[PDB]
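Q: need coordinates for the following:
(2 chains)
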Amino acid sequence: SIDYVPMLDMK
Amino acid sequence: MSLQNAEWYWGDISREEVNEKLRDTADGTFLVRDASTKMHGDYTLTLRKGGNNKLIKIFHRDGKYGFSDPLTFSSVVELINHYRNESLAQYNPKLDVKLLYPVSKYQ
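A: Residues are numbered from 1 along each chain as shown, chains lettered A, B, ... in the order given. The protein structure is shown below:
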C-alpha cells in the first residue's frame, strides 16, 4: 500500500 | 496496565527501529508501537507479510479499539489476542495471516 494498509469496515 | 506488560508492545520507538527488529523475519511476526500522532491514544501495529512491513493503524474512539468502523474491542491486548487466532483477511485480502510471532521486549 502507499503507507498504512487499507482496512475494510464491517458496517 | 495489561498493555504496558504486553511483551509485544514497545511503546515510543521509531519506524526505523521497528524495521531493524522485523528485518528478515517470518510472515506473522509483529509488534505494536505508539502512533506517530500526538496521543489520540493511537497505536500502530506493524506486521511482517510477503517480505515487507505492513503498517496497520489501531484506531481509538469513544472508549473502543479496532482497525476500522466499528471499533468493538475494549483494549489493544484484547484486539491483538483476537487476531493471534484469526487471520486479518476480512479487512484486506492481501492480509491472509494471523499475528503468529510476537517480537518480545523480554526476549
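
Q: what parts of chain A come near chain B?
A: A:1, A:3-11 (CB under 8 Å from any CB of the partner chain). Quick note: C-beta positions are derived from backbone N, CA and C, even for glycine.

Q: so which pair among these is furthest apart in space?
A: The largest separation in these, counting by CB to CB, is between A:3 and A:11 at 23.9 Å.

Q: re the thing from before, show me which of the residues of chain A next to chain B are buried.
A: Neighbour-count burial (16 or more other CB atoms under 10 Å in any protein chain shown) is assigned, among these, to A:5, A:7.

Q: may I see the residues of chain A next to chain B arranged in JSON lines, with secondary structure as well?
A: Output for the residues of chain A next to chain B, formatted as JSON lines (DSSP: H, G, I helix; E, B strand; the rest coil):
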{"residue": "A:1", "secondary structure": "coil"}
{"residue": "A:3", "secondary structure": "coil"}
{"residue": "A:4", "secondary structure": "strand"}
{"residue": "A:5", "secondary structure": "coil"}
{"residue": "A:6", "secondary structure": "coil"}
{"residue": "A:7", "secondary structure": "coil"}
{"residue": "A:8", "secondary structure": "coil"}
{"residue": "A:9", "secondary structure": "coil"}
{"residue": "A:10", "secondary structure": "coil"}
{"residue": "A:11", "secondary structure": "coil"}
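
Q: write out the residues of chain B neighbouring chain A.
A: Residues of chain B lying near chain A (CB under 8 Å from any CB): B:54-57, B:67-70, B:88, B:90-92, B:94-95.
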